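This report concerns only the one structure given below.
No Cβ is skipped: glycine too gets one built from the backbone with ideal geometry, and neighbour counts run over all protein chains shown. Derivation of every value follows stated rules applied to the coordinates shown; laboratory data play no part.
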Amino acid sequence: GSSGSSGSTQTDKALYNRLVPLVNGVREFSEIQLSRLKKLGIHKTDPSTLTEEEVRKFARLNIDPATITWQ
């Protein structure tokens with residue numbers, strides 16, 4: 001990715017990347033993220049099927065102290 005100017009409605013999207021990075025040349029959740037997604041009811045494995053609605057949700061549950069943003 002690339003950090004710079006403040007894009008549009010760029011809040012969850014940005015995070016999504018951090019959560020599911022790309023090092024193996026293939027974006028795929030982890031036994032950790034999943035176990036958490038299930039609780040919500042999102043039976044998805046690939047980050048592609050995920051939708052803004054799901055993304056924002058998967059991120060919401062995860063709130064970092066460094067970037068504490070109170071909607």
Counted residues in segment 43-71 being surrounded by 15 or more Cβ atoms within 10 Å (Cβ to Cβ) and of a type in the set (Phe, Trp, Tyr) come to 1
Any hit, segment 28-42, residues being under 11 Å from the mean Cα position of the chain (by Cα), among the β-branched types (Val, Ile, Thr) and surrounded by 10 or more Cβ atoms within 10 Å (Cβ to Cβ): no
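Out of 36, 56, report the one residue that is closer than 21 Å to residue 1 by Cα and either of a type in the set (D, E, K, R) or without any contact (Cβ under 8 Å) to a residue 40 or more places away in the chain (or both).
Details: 36 fails: closer than 21 Å to residue 1 by Cα.
Sole residue among the options that is closer than 21 Å to residue 1 by Cα and either of a type in the set (D, E, K, R) or without any contact (Cβ under 8 Å) to a residue 40 or more places away in the chain (or both): 56.
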Which condition number does residue 14 fail, the rest of (1) more than 17 Å from residue 56 (Cα to Cα); (2) out of contact with any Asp or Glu (no Cβ under 8 Å at 6 or more places or on another chain) being met? (1)
